[PDB]
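Report on the structure given below.
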Amino acid sequence: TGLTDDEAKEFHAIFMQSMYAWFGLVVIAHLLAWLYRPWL
Amino acid sequence: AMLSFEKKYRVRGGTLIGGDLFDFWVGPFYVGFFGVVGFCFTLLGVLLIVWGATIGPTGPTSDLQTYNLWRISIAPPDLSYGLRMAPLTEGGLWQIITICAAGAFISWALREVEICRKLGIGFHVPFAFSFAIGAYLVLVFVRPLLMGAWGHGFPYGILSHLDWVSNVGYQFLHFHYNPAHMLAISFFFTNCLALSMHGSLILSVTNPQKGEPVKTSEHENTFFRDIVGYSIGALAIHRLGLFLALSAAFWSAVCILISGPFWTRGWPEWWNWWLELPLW
Amino acid sequence: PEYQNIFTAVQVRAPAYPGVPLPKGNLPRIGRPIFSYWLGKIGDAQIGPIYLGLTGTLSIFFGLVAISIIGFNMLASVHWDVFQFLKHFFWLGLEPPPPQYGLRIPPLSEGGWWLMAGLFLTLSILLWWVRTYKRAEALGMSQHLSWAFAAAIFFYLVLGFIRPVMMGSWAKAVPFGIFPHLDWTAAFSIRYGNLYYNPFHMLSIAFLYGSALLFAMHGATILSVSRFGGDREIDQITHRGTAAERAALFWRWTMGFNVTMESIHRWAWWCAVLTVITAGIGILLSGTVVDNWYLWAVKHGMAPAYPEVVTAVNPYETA
Amino acid sequence: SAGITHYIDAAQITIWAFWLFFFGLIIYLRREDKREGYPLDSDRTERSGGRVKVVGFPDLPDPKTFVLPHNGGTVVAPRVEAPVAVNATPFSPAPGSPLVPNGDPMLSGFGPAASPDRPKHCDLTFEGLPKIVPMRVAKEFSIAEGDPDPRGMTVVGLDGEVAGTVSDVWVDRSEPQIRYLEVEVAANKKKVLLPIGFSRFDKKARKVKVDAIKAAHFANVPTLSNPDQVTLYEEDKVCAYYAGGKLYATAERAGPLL
Amino acid sequence: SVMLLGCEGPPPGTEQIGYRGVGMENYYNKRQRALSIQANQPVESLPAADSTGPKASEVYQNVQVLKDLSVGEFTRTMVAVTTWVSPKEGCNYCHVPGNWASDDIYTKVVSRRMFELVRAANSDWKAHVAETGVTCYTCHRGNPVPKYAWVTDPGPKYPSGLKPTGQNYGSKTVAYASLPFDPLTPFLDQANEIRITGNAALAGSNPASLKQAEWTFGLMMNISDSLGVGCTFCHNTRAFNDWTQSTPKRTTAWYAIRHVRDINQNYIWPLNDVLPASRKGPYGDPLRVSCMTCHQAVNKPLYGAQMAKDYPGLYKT
Amino acid sequence: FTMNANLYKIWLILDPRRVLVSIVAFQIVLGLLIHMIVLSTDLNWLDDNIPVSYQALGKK
Amino acid sequence: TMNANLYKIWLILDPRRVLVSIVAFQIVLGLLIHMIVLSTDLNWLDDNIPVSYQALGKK
Amino acid sequence: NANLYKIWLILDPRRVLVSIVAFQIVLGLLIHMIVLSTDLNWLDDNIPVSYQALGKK
Ligand code: BCL
Ligand code: BCL
Ligand code: BCL
Ligand SMILES: CC[C@H]1c2cc3[nH]c4c(c3C)C(=O)[C@H](C(=O)OC)c4c3nc(cc4[nH]c(cc(n2)[C@@H]1C)c(C(C)=O)c4C)[C@@H](C)[C@@H]3CCC(=O)OC/C=C(\C)CCC[C@H](C)CCC[C@H](C)CCCC(C)C
Ligand SMILES: CC[C@H]1c2cc3[nH]c4c(c3C)C(=O)[C@H](C(=O)OC)c4c3nc(cc4[nH]c(cc(n2)[C@@H]1C)c(C(C)=O)c4C)[C@@H](C)[C@@H]3CCC(=O)OC/C=C(\C)CCC[C@H](C)CCC[C@H](C)CCCC(C)C
Ligand SMILES: CC(C)=CCC/C(C)=C/CC/C(C)=C/CC/C(C)=C/CC/C(C)=C/CC/C(C)=C/CC/C(C)=C/CC/C(C)=C/CC1=C(C)C(=O)c2ccccc2C1=O
Ligand SMILES: COC(C)(C)C/C=C/C(C)=C/C=C/C(C)=C/C=C/C(C)=C/C=C\C=C(C)\C=C\C=C(C)\C=C\C=C(C)\C=C\CC(C)(C)OC
Ligand code: HEM
Ligand code: HEM
Ligand code: HEM
Ligand code: HEM
Ligand SMILES: [Ca+2]
Ligand SMILES: [Ca+2]
Ligand SMILES: [Ca+2]
Ligand SMILES: [Fe+3]
C-alpha cells in the first residue's frame, strides 16, 4: 500500500518487463547447460 | 569496625528463630543465631577433616597417607553400610564431616536471612543460595537414599572428588546425552555469557570513552538494540541472571538425581524414545 | 508477601525509540520496532530496530553460509530425506577432513565442506567482534564486550586455527553437530590423558562456576535492593544511595569483606573472561604439549592415590 | 605441589603464570572494590584476615573522575565524605552491638529505614527532561494494552484496612516501565509516591496491597517537594521509609519468632 | 528434543566395583534384571550318557567331529544339536530324508564346523569362556539363525554418490550415539589396534589420530552394551589404560576380543561359500559374531549357567 | 466454486496482508520440502539413471 | 493476461517487501542449486574432463 | 536499461550498495574455494615440478 492507483500501475508494468528479463535470461541459461550437460 | 556508612544500619534484633542474644557483630560479620552454629561445624569439620588428612587411606602411617591438597581426600564408607553410621575410619568420619557441612550451609543460609531482615532488603539472595544448597543435598542425599547407601555419595577430595564423577558419569557411557546435563550445561553457559555482557556493558557506560559523560540507559537500551537488534532491558538482565543460574543449578540437581535411581541404561539410549516414534 | 520483581506486573508503552543518533558514517538504523506483551512481561517489550553496517552485513552474510553448508551437507547425509533428518537430527552433523590431508584442502567430499564452512564461521565470528567494537565506541562507549568477546573468540580458535592446525590435523578440530560435537569433547578427554587432570580445565571450571555463581548473586542482590533503585546501578555507580548502601552491607556482615555497585560488575566481566581464557589454555597445552594429563598430574605429585581392591593383568607382557 | 619440588617440564610453568597474574588482578579488584565507602569508620573491631593491615591490604586507589551528563557536576572516587548522624543509642557499649532507633523508628531514619542524601536534582532523560515523572507529563504514554490499568486502584495497608488510593503511575521516558504510583492518601488527603517495587498487585479486586507499612504510615511518608518530578535525593527518600516498615510496622516483625 | 527426568522408578542395582568411595559403581533396574533372567534361561541338558558302546567313527559311515563318542552319547549330541538349533524343522534340518551320512546340506557342512567352533572354544579359550563354555543354545537360542549376527553395516543412504563419513547417525549398534555405528567390522572382524592412551605424560609418543580413539569408543560402547555393564565394570575411567588400575574383567575381555577375531576370521567367515544369500550381507558377507551374539546384554550368557559342561563331545580332544 | 461464492465476507475478518504474504511463504517452503522429500527416496533423476555416464565414463 | 489487473497488487503489497524478499529468495535458492547439484553426479569441477591435466602434469 | 533508473526512488541506494559489496566478497572467497577445493587445485598438486618431492628427498 502507501500509494494510489496511478503510481501503482506504472510500477507493475516496468516491474514485469524486469521479471521477463529474468525468465528469459535464466531460461536461456538452462538451455545452454541443457545442451552441454543433459540432466534427467 | 564498620564501613563508611555501615555505622548507621546496625539496628537491634531482626533475628529469626531467636538470636536477640548473640545479636551483634564481630569484624564485619553479623552473628545471631546462625553465625554462631555454622562456626561450630566449621572447625568440627575444617579441622575434623584435618584428622582425616592425618589418618589417610590405610592409616596415618601408610606411605599412601599424605598432606598434599592435590591428593588429600576423605572417602565415604563402602556401599556395605547402606543407610547407617559407618566407622569413622571406614566411612562415618566422612559422614560426620558431611553431617556438619550440611548445617554450616543451612546456618549461613539462614543467617543470611536474619541479615536480609536487618538491612530491610529483599531476600532473593538466600532463596537463591538455597538452590545451590539443595543441589548439594540431591547429590549426596536425595540420590544416595534412593540407592540405600550413604557411602554411595561422593568424596571430599581437592581434585579427588573429580574421578568420583568420572566414574559415576561413565556408568552410563556418554553421560553427555543426558537430557538434563545438556540443558543444565547450556545454562551454566548462557549465564557465563550474559554475565560476560552485563558486568561488561556497565563497566563500559559508567567508565566510557575519554572525555565522555557517564552514559545513560538511553544508550544501553540501544547498545544491543543495534548489534543484536533487541535489548532484554536493564532491570531484566538482573533477572535473566538469577534465572539462568538458579535454574542451571536446580537443573544439574535433577541431572544427577535421576542418573541412577531413575535410569540405569546408558543415557545415549534414553535418547531412543525419540527414534522409535511411529513416524520416521 | 512483597511484589518480588519477577515479571513486570503492569506494563506501559511509548513510541519506538531508535536510540541515540549516530555520527557521520554509521548508516541508518533499520526496522519498524515492535512490541510483545509476553516477551515484555520479563524485559523491554519493544523489539528493534537494529543496525546493519558493512561488517554488519558482511559478517551476517559470512554467517548464514557455513549454516548453509554445515546445514546442507548434514541434510544430504540422511539422503535428503528430511523425515529422518528430523529424526536423526541431534545425531547428524558434518565431520572434518580425514587425517591424510592433515592441513591440505580436503576434497569436495571427504571433510571438505567442513573446512569450507568452518572458515566461514571463522570469519563471520571474528567479523561480528568487529560488529561490536565498531558499533560499540561509535556510541561513545568504551570497549569491554569487544574485549571479552575476544577471550571467548580466543578459545574458539584454540579449537581450530591455533591448535587443530597446530598439530597438522584436519581432524583434531571439533566436528559440527550437537551430538558429534558433544562427542568431540568426550573423544578429547580420552585421546589425551583425562582432562580432569589438566589444571587449565579444572581451572576454567571454577570460573564457569564463579560466573554461574556471582552473576547469579548480584542478579539477586540487585533484585533484593531493586526497590531502592538497585537496578539503576548506572547512577548508583556515580551517585550512590541506599541501594549500594543496603546491598554491599549485606555481604559485609555475611562473608565479611564486600565491594561496590561498580567493583562487582568488574569481577563479573572478569570471572567470565577469565573463563574462556583458561579454557583455550588447557585445550592449547593438551595436544602439542602434555599428551596425558593424568600422567602429568601424578608425575608432578598431583594425582591422588587410593588403596586397591581391584587390579588386572597385562597381555602385552605375560603374553 | 604441596610438598615442594618434584616434576619439571614446560606447561607446568604456565600454570604458575595465570595462577600468579590472578593473585595480581585479584588485588586490582580489591582496590577497585574500595573506591566508595572507604575508609572504614570505627574501631569496634579490627580487620579480620591473615595480614591485618592498617586499612585493607591494597592501598586505597586514587580518585576517579566521573564526568556526569550534560548540566551535571562532576563526581569522583574515592572522595572523602562528611560524617552523618546516628539517630540511635547502642543497646550495649560492646563493639558490634546494635543501635536502637531513638523515638519513632518508623521515621527515626535508621537501618531498616535509613538512607543517604543523594543529590537533590531529578535525574533526567537522554536530552534533558527528567526520567521518572508522573503520568501527568507522562501523557505521551499508555498502559500496556491488556494489563489492568492501576489508575483508580485503592491501596490497602498491610493491616488490610484501606489507606488512600492511587493517582498517576510514574512511568519513565527511558524504559516503558512503571516505577511509582501516586497515592492520594486518606487522612492526609495528600500525595505519597508509591514505590512499585513495594507494591503488590491484586488485579482481581482492583486493590494493591503493600505489606510494608500500616495504613496510617502513609501519612508519615516523606512528602514530595514537587509532584511533577522527583530528584535522586528523594528517589531514595520515599523508598527508605516503607523499607523501615519491614522491621517496624509491627512489634512482631522486628523481634525474633523462636 | 525436550528435558527429562528418569523413566525408571528407584531403587536400582548396586555393585561396588571400586574402593569405598572412588567411582566405579554399577546400577541396574531390578524390574529388568529380573525378566532378563526369567527369560534368558538355559534348557536342561539331556539325561545321563550311555558310557557303553564302541565309538562312532566305527559304526557310522562318516563322523569326523564326534568320532570318539559312544553311539548313545553321540546321539545325545544330535538331539541336543537339534533343540539347541532347529527343533522346529526336526532332524531333517541338518540331514537328508533318510541317508544320514550325506554332506549335501550346507547346514550340515557348517554344523560340522560349528562343532569345531564350540569345542575348540570350550577348551582352548577357557580363559574367556571358562567353565561355562558354550553350546548351540547360546547363539541359536532355539533358533536356526542367530538373531545376533552382524553384516558390515552399509551405512545410511548415499547422497548422489556422496556420503563418506561413517560417524554421524545414531544406531543401536552403539547404545545409541553419533559414532562409527560399526566399530565391529574394523575391529571384531579385522583387528585394528585399540589402544590410544599416550604411554608417556608429555608428547613425542602416541601419534594416534583422535579420530582413532574416536573409534575405539564406539567399539567400546558396543562391547560395554553387549555385556550390559558401564565402562566402570572393566575400567577405572581416569585409567582407561592403566591396567594396574583396571579390574580383572578387563583382561578377561581382552582375549575375548580375539577369540572372536578367530571365530569370525577363521570359521563363520570361510563358510560363506556354502552359505546362500539369505545369510549373506549387502557388501557380500557372512553374519559373523558380536559379543552381543552370545552375551545378548549379559555378563555370562544366561548369567553363568554352564550348559556346555554337560556335553563331552564339545571339547577339543 | 458453487458454494465458495458467498465467501466474499471473509476478507474483513481475515486481514489481506496477513493471509496474502503468509501463504506465499508456506508455498515457498513446501515447494522445497516436496522436491526434497521426493528427490530423497522415490526417484532421483539427478543420480538415478543416465545421463550419469559423463560422471563415471567421462571422468577418468 | 495477468498484468492488467496485477498492478493493483502493489496497492496492498509494498514494493520494498517484494524487492527485498525476492532477492533473498532468488540467491539462496540459486545457491541451493549448483550446491545440491554440484554434490550430485553431474558435478563439473573435479568429476571428468578436460583431459586430466592434473594427473598428467602432476606426476 | 531505460526504465531501470526509477528504482532509486524507493530503495536507499546506499543500502543496496553495501548489500552488493558484501555479497561479492563472500562469494568470491567462496568460489575460489568451492573450485580450488575440487575442480583444479591449481595451487598444490600438479605444477610446476615437485621441488619438495624430487628435492627434499
Ligand atoms: C563423568 C564426567 C561427565 C560428567 C559427569 C557429571 C556428574 C557425575 C555430575 C555432573 C554434574 C554437573 N555437570 Mg557434568 N560431566 C561431564 C561434562 C560436563 C561439562 C563439559 C563441558 O564437558 C559440563 C559443562 C558439565 C556441567 C555440569 C553441571 C550442569 C552439573 C552441576 C555442577 C554444579 O555446579 O553443582 C552445584 C553444586 C553446589 C552448589 C554445592 C557446593 C556449594 C556448597 C553449598 C557450599 C560449599 C561451602 C564450603 C564447604 C565452605 C568453605 C569455603 C570455601 C571458600 C568454598 N559437565 C562429563 C561428560 N557431571 C553434577 C550434577 O548434575 O549435580 C547436580 C554431577 O553430580
Ligand atoms: C519431481 C520430479 C521433477 C519435478 C517435478 C515437479 C512438480 C510435479 C512440480 C514442480 C514444481 C516446481 N519445480 Mg520441479 N521438478 C524437477 C526438478 C526441478 C529442479 C531441478 C534443478 O532439477 C528445479 C530447480 C525445480 C523447480 C520447481 C519450481 C519452478 C516449481 C515451484 C516451486 C515453488 O514451490 O514455489 C512456490 C510459490 C510461491 C512463492 C508463491 C505462490 C505463487 C503465486 C501465485 C504468485 C506470487 C504472488 C505474490 C503475492 C505477488 C508478489 C510477487 C513477488 C512474490 C514479489 N524442479 C524434477 C525433474 N516440480 C511445482 C510447480 O512448478 O508447479 C507449477 C510442481 O507442482
Ligand atoms: C550447473 C551446470 C553449470 C551451470 C548452470 C547454470 C544455470 C542453468 C544457471 C546458472 C546460473 C548462474 N550460475 Mg552457474 N553453472 C555452472 C557453474 C557455475 C559456477 C562455477 C564456479 O563452476 C559458478 C560460479 C556459477 C555461478 C552462477 C551465477 C552467476 C548465476 C545466477 C545464480 C542465481 O541464483 O541468481 C538469482 C538471482 C538474483 C538474487 C538477483 C535478482 C534478479 C533481478 C532480475 C535483478 C534485481 C533487480 C534490482 C531491483 C536492481 C538493482 C541492481 C543490483 C542488485 C544493485 N555457475 C555449471 C558449469 N548456472 C543461473 C543464471 O545465471 O541465469 C541467467 C542459471 O539459470
Ligand atoms: C547456581 C548457584 C551458584 C552458587 C550460589 C551461591 N553460593 C553462595 C551463595 C549463593 C547465592 C551465598 O549466598 C553464599 C555466600 O557466599 O554468601 C555470602 C554462597 C557460597 N558458595 C560457596 C561455595 C561454592 N559455591 C559453588 C557454586 C554455586 N554457588 C552455584 C554455581 C561452588 C562450586 C563447587 O561450584 C562452591 C565451592 C561458599 C564460598 C559460600 C557458602 C559458605 C558457607 O556457608 O560456608 C559454611 C562453612 C564453612 C565456611 C566451613 C567449612 C566446614 C565444613 C564442615 C567442611 C565441608 C567440607 C566440604 C563438603 C568438602 C569440600 C571438598 C571438595 C573439594 C570435594
Ligand atoms: C566466557 C565467555 C563466554 C562468551 C562471551 C561472549 N560471547 C559473545 C560475546 C562475548 C563477550 C559477544 O560479544 C558476542 C555477542 O553476543 O555480541 C553481541 C557473543 C556471542 N556468543 C554467541 C554464542 C555462544 N557463546 C558461547 C559461550 C561464551 N561466550 C562463553 C561462556 C556459546 C557456548 C558454546 O556456550 C555460544 C553458542 C553468539 C550469540 C554471539 C556471537 C555471534 C556471532 O559472531 O555471529 C556471527 C554471525 C552469524 C552466526 C550469522 C547468523 C545468521 C542469521 C542472523 C540467522 C538465521 C537463522 C539461522 C542460520 C538458523 C538456521 C535456519 C535455516 C533454515 C536457514
Ligand atoms: C596449616 C594451616 C594454615 C591450617 C589452617 C587452620 C585454620 C585457618 C583454621 C580456621 C578455619 C576457619 C574457621 C575458617 C573460616 C574463616 C572465615 C570466617 C572465612 C571467611 C569465609 C568466606 C565465606 C569467605 C568468602 C569466600 C570467597 C572469597 C568466595 C568468593 C566468591 C566471590 C567471588 C565473592 C564475591 C565477593 C564480593 C566482592 C562481594 C561483594 C558484593 C556483591 C557480591 C554484590 O552483589 C553487591 C551488589 C551491590 C552493591 C555491592 C555489592 C558487593 O559489595
Ligand atoms: C539443508 O539445510 C537447510 C537448507 C534445510 C537449512 C538448515 C540448516 C541447518 C538446520 C543447519 C544446522 C547447523 C547446526 C545445528 C550446526 C551445529 C554446529 C555445532 C554444534 C558446532 C559445534 C562446534 C563447532 C566448532 C568448534 C567449529 C570450529 C570451526 C573452526 C575452528 C574453523 C576454523 C577454520 C579455519 C581456521 C579456516 C582457515 C582457512 C584455511 C583452511 C584455508 O587455512 C589453511
Ligand atoms: C534328532 C535328529 C537327528 C538324528 C536322528 C541324527 C542322526 C545322525 C547320525 C546317525 C549321524 C551319523 C551318520 C553318518 O555320517 O554315518 C549324524 C551325524 C551328524 N549330524 Fe545328525 N542327527 C539328527 C539331527 C541333527 C541336527 C539337527 C544337526 C544339525 C546341526 C545334525 C548334525 C549332524 C552332523 C554335523 C553330523 C556329523 C558328525 C560329525 O562330523 O562328528 N544332526 N546325525
Ligand atoms: C554346536 C552347536 C551349533 C550347531 C549345531 C550349529 C548349527 C548351525 C547351522 C546348521 C547353521 C546353518 C543354518 C541354515 O541356515 O540352514 C548355523 C549357522 C550359524 N551359526 Fe551355528 N551352530 C551351533 C553353534 C553356534 C554358536 C555357538 C554360534 C555363535 C557364536 C553360532 C553361530 C552361527 C552363525 C553366525 C550362523 C550363520 C547364520 C545363518 O546363515 O543361518 N552357531 N549353525
Ligand atoms: C562404554 C564405555 C567404554 C569406553 C569409553 C571404553 C574405552 C576404552 C579405551 C579408550 C580403551 C583404549 C585405552 C588405551 O589403551 O589407550 C579401552 C580399552 C579396553 N577396554 Fe574399554 N571402554 C569401555 C567399556 C569397556 C568394557 C565394558 C569392557 C569390558 C568388558 C572394556 C574392556 C576394554 C579392554 C579389555 C581394553 C584393552 C584391550 C583392547 O581393546 O585393545 N571396555 N577402552
Ligand atoms: C569382543 C566381544 C566380547 C567381549 C569384550 C567379551 C567379554 C567378556 C567378559 C569380560 C567376560 C567375563 C565376565 C565376568 O567375569 O563376569 C565374558 C564372559 C563370557 N563371555 Fe564374552 N565377550 C565377548 C564375546 C563373547 C562371545 C562372542 C561369546 C560367545 C560365544 C562370549 C561368551 C561368554 C560367556 C559364555 C561368558 C561367561 C563365562 C563365565 O561364566 O565366567 N563372549 N565375556
Ligand atoms: Ca566424530
Ligand atoms: Ca537421471
Ligand atoms: Ca596446481
Ligand atoms: Fe548489575
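A quick note on method: Cβ atoms are made from the backbone with ideal geometry, for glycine too, and the neighbour counts reach across all protein chains shown. Computed from the coordinates by the stated procedures, all read-outs in this text should not be read as laboratory data.
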What is the stretch B:132-189 by shape, rounded, prolate or oblate, if you read a ≥ b ≥ c off the alpha carbon gyration tensor as root eigenvalues and call it rounded for a/c under 1.5, prolate for a/b larger than b/c, and oblate otherwise?
rounded
Which of C:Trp170, C:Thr278, C:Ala319 sits farthest toward the positive end of the charge dipole of the stretch C:168-319, with +1 on the Cβ of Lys and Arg and -1 on the Cβ of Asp and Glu?
C:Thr278
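For chain C, what does the helix formula give at 222 nm: sum of -39500 (n - 2.57) over DSSP H segments with n ≥ 4, over the residue count, nearest 500 deg cm²/dmol?
Taken over chain C, the calculation gives -14000 deg cm²/dmol.
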Let me test this: with uniform point scatterers at the alpha carbons of the stretch C:122-162, what is the Debye-based log₁₀ I(q)/I(0) at q = 0.17, 0.31 1/Å?
-0.44, -1.02
Computed over the Cα atoms, what is the radius of gyration of chain C divided by 2.2 N^0.38 Å, N being its residue count?
1.27
Using +1 on the beta carbon of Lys and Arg, -1 on that of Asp and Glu, and nothing else charged, what's the dipole of chain B about the Cα centre, debye to 20?
640
State, to one decimal in nm, how far the label point of B:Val165 lies from the label point of E:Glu89, with both points 7 Å from Cα in the Cβ direction.
5.5
Built amide H within the under 5 Å cut-off of D:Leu181, gap 5+:
D:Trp170, D:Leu194, D:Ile196
With a/c under 1.5 counting as rounded, go ahead and sort the stretch C:1-142 into rounded, prolate or oblate using the C-alpha gyration tensor (a ≥ b ≥ c being the square roots of the eigenvalues; past the cut-off, prolate if a/b is larger than b/c, else oblate).
oblate
Under Stokes-Einstein, the stretch B:44-138 at 20 °C and 1.002 mPa s, with its Kirkwood radius over C-alpha pairs, diffuses with a coefficient in µm²/s of 140
Per-residue Cβ counts within 10 Å, from other chains only, averaged over E:219-228: what number is that?
2
Taking every pair of Cα atoms in chain E, average 1/r, invert it to obtain the Kirkwood radius, and report Rg/Rh to two decimals.
1.01
Out of D:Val208, E:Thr83, B:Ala184 - ranked by how far each Cα lies towards the positive end of the dipole of the protein assembly as shown, with unit charges on the beta-carbon of charged residues - the top one is D:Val208
Which cross-chain or sequence-distant (5 or more) residues have an amide H under 5 Å from the amide H of B:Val214, H modelled 1.01 Å from N in plane?
D:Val67, D:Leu68
Could you please report the charge total around E:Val22, scoring K, R as +1 and D, E as -1 over all other residues with beta-carbon less than 15 angstrom from its beta-carbon?
-4
Gyration tensor (Cα) of chain A, equivalent ellipsoid semi-axes in angstrom:
36, 8, 5
If each K or R counts +1 and each D or E counts -1, the residues other than E:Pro159 whose Cβ falls under 11 Å of its Cβ total -1
Determine which residues of the stretch E:293-317 fall in the zone a paramagnetic label at E:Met78 would reach in this model, i.e. backbone nitrogen under 18 Å from the point 7 Å along Cα→Cβ.
E:312-314
Could you work out the mean count of beta carbons from other protein chains within 10 Å of each residue's beta carbon in F:23-36?
2
The Cα extents of chain G along the principal axes, largest first and rounded to whole Å, are 66, 24, 17
Nothing charged except the Cβ atoms of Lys and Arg (+1) and of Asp and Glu (-1): what's the magnitude of the dipole of the protein assembly as shown about its Cα centre? Round to the nearest 20 debye.
900
Can you pull the three principal axis extents for the Cα set of the stretch E:145-223, in Å, largest first?
46, 35, 22
Under the Karplus relation with 6.51, -1.76 and 1.60 and θ = phi - 60°, whole-Hz ³J(HN,Hα) for the stretch C:161-175, x at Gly and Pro, equal 1, 6, 10, x, 7, 8, 10, x, 7, 6, 10, 4, 10, 1, x
Are there any chymotrypsin sites (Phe, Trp or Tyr not before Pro) in the stretch C:24-81 that are in a DSSP loop and have at most 12 other Cβ atoms within 10 Å? List them by number.
C:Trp38
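For a test of the definition: using alpha carbon positions, the gyration tensor, and the 1.5 limit on a/c, classify chain B as rounded, prolate or oblate.
Working: a/c = 2.11, a/b = 1.18, b/c = 1.79.
The shape class here is oblate.
Give me the inter-chain shielding for E:249-258: mean count of other chain Cβ atoms within 10 Å, whole number please.
Partner Cβ neighbours, averaged per residue: 3.
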Sequence order, the stretch E:122-131: Karplus ³J(HN,Hα) from phi using 6.51 cos²θ - 1.76 cosθ + 1.60, θ = phi - 60°, Hz rounded, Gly and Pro as x, gives 2, 10, 8, 10, 3, 5, 10, 7, 6, 7
To the nearest 500 deg cm²/dmol, what mean residue ellipticity at 222 nm is calculated for chain E from DSSP H runs of n ≥ 4 alone, each contributing -39,500 (n - 2.57), summed and divided by the residues?
-7500 deg cm²/dmol
Please list, ordered by chain and number, the residues whose modelled amide H lies under 5 Å from the amide H of C:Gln11; skip anything fewer than 5 residues away on the same chain.
D:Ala144, D:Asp147
Per-residue ³J(HN,Hα) for the stretch B:14-25, Karplus 6.51 cos²θ - 1.76 cosθ + 1.60, θ = phi - 60°, Hz, x for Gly and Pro:
x, 3, 9, 7, x, x, 5, 8, 7, 5, 7, 10
Roughly how large, in nm² to one decimal, is the mean projection of the convex hull of the alpha-carbon atoms in the stretch B:172-271?
8.0
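Using +1 on the beta carbon of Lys and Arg, -1 on that of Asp and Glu, and nothing else charged, what's the dipole of chain C about the Cα centre, debye to 20?
Values: 20 positive and 15 negative charges, 186 e Å.
Dipole about the Cα centre, nearest 20: 900 debye.
Using the per-residue mean of other Cβ atoms lying within 10 Å as a proxy for protection, in what order, highest first, do the peptides B:196-206, D:187-197 fall? Walk me through the numbers before you get to the answer.
Working: B:196-206: 24.9, D:187-197: 19.9.
The packing order, highest mean first, is B:196-206, D:187-197.
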Evaluated at 4 °C and 1.567 mPa s, the Stokes-Einstein D of the protein assembly as shown based on the Kirkwood radius over Cα pairs, in µm²/s, stands at 35
Simple spin-label estimate for D:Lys204 and G:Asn3 in nanometres, 7 Å along Cα-Cβ:
6.8
Rank these for me by crowding, E:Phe233, C:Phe154, going from fewest to most other beta carbons within 10 Å.
C:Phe154, E:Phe233
Please arrange B:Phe123, D:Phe22, C:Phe188 by counting, for each residue, the other beta carbons lying within 10 Å of its beta carbon, fewest first.
D:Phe22, B:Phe123, C:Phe188
Which one, H:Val26, C:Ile67, E:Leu69, projects farthest toward the positive side of the charge dipole computed for the protein assembly as shown from Cβ point charges (K/R +1, D/E -1)?
H:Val26
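Could you list B:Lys118, D:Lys34, D:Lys64 so that the one with the fewest beta carbons within 10 Å of its beta carbon is first and the one with the most is last?
On the way: B:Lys118 28, D:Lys34 22, D:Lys64 16.
Least crowded to most crowded, the residues run D:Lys64, D:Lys34, B:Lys118.
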